[PDB]
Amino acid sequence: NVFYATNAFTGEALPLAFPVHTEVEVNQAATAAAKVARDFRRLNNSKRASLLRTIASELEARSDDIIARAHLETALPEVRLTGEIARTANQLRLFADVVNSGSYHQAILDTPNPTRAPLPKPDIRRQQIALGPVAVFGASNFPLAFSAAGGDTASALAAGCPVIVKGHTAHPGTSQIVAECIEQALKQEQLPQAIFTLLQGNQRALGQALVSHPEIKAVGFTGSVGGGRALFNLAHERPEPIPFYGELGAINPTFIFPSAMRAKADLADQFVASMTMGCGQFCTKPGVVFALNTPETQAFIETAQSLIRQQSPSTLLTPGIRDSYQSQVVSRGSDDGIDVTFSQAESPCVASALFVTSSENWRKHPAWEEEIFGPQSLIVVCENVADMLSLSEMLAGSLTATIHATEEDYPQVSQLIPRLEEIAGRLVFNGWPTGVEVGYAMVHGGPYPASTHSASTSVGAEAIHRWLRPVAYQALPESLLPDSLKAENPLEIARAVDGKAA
């Protein structure tokens, strides 16, 4: 059995057939991955770092092919795709630096004390090592940076874990080219092909078997709350439960104070640009804005409403995503106590939408907190700041939380931050949540449903730690200790001794 990718612009099948893999290929892939797991995590840091950089170069070399195919499969602009390939490549290079530095080892040493009474203090040293093969499900809205060679794959390979990707049916051709790049990189580095494997197929039994395979030791997922939670449950029902890192969705609450409105005349313009970026197909898209019932807000709303009406027709990633959006916006727009403004569009294109309501009705409709993936957003007009702070106390988990204010509001903002810290992974001040910097301090995730594991990040240097577990070595002789823990520190890595700074 085979299947074809769908032309995002026409809804018709694109050339090139892809295989429909099943539990048979899963078993084969997982078995081979397990077979090379030990050697892969034992490679010199410099070697695995080299592999990551080689993958980055190979990807750049096929940029032409990737962009051309991804554009037809997703309808994302070639310029957006060109920027994403660069993000993807530099992301891989970041982890190459991380691995090379040996920081991920997190070497910790307890200085022994043989003359301690009653009992002597033993020599104990610990480091982090790879969990084993990792299964990765890529994101449909970021076919490159969050997919086949995305953040989850890059950080897992960096940690020393073989990777098996369940290719997203929304962009099989894109993933195939990326897989060919990784295949080339492994050949040049002269490393086992089983280090990375791409599986394809439009039958869900595939993903379920992968998540349930006993040789799979962790999962990386980016997608819907429905499918994500289903797979998460599968992962924890296994004879041996495994970590499941899934980003399921968020509404990214934004709080705008009057003074911020007075300070930036184009704030409404910025808002619309943020919510319509990539036709609103960003997980960090500001889905709800809380503002006060003042003239500034009423003007903000009218400006935003006017821009929305003016907005051009949008083509979503797939006809399927197109359908869910249309039915949900028309459906919500008919709910109690909600005003909606639509742009002009005819299927297969969708219209952008801006909903407006009061905090009274927001409290009455908890379903409005659920994300509607597409170029739509909601504005909630609050009675006063107390009303606004009250609302923040009940917010569900989110990737981000944004605040627009000036010094005049700091007294109230100082009370709001502690509440937002509890529900979001990243707080943004006087800016928009859309952009996600791939650096060292990033936290892309947060409380459920933003992530199934709030104590982690799927983007940034710290993402590597999701695929590692510690091992303590007690009283082992120097010759038997891994290089990272040898007394002389031959790798010259950062290590923490008796609590001192590493």
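Residue numbers here begin at 1 and follow the sequence given.
Practice task
Decide which of the stretches 92 to 100 and 164 to 172 has the higher mean C-alpha B-factor, going by the entry.
Solution key: Result: 92 to 100.
Problem - 130 to 138 or 69 to 77, whichever carries the higher mean Cα B-factor - result: So the stretch with the higher mean C-alpha B-factor is 69 to 77.
Handout entry: Selection from 210, 86, 182, 340 [criterion: highest C-alpha temperature factor in the record]
Key = 340 has the highest C-alpha B-factor of those listed.
Problem - Top Cα B factor in the deposited entry, candidates 356, 403, 317, 277 - result: The record points to 277.
Handout entry: Within-chain third of residue 223 by Cα B-factor, per the entry
Key = Within its chain, residue 223 is a middle-third residue by C-alpha B-factor, going by the deposited values.
Practice task
Give the position of residue 465 by CA B-factor within its chain, expressed as the lowest, middle or highest third.
Solution key: Within its chain, residue 465 is a lowest-third residue by C-alpha B-factor, going by the deposited values.
Exercise for the section: Relative to the other modelled residues of the same chain, rank the CA B-factor of residue 237 and answer lowest, middle or highest third. Expected result: CA B-factor rank for residue 237: middle third.
Handout entry: residue 33 - which third its CA temperature factor falls in, relative to the rest of the chain
Key = Tercile = lowest for this residue's CA B-factor.
Practice task
Would you please rank residue 334 by its C-alpha temperature factor against the other modelled residues of its chain and give the third it falls in: lowest, middle or highest?
Solution key: Answer is highest: the recorded C-alpha B-factor places it there.
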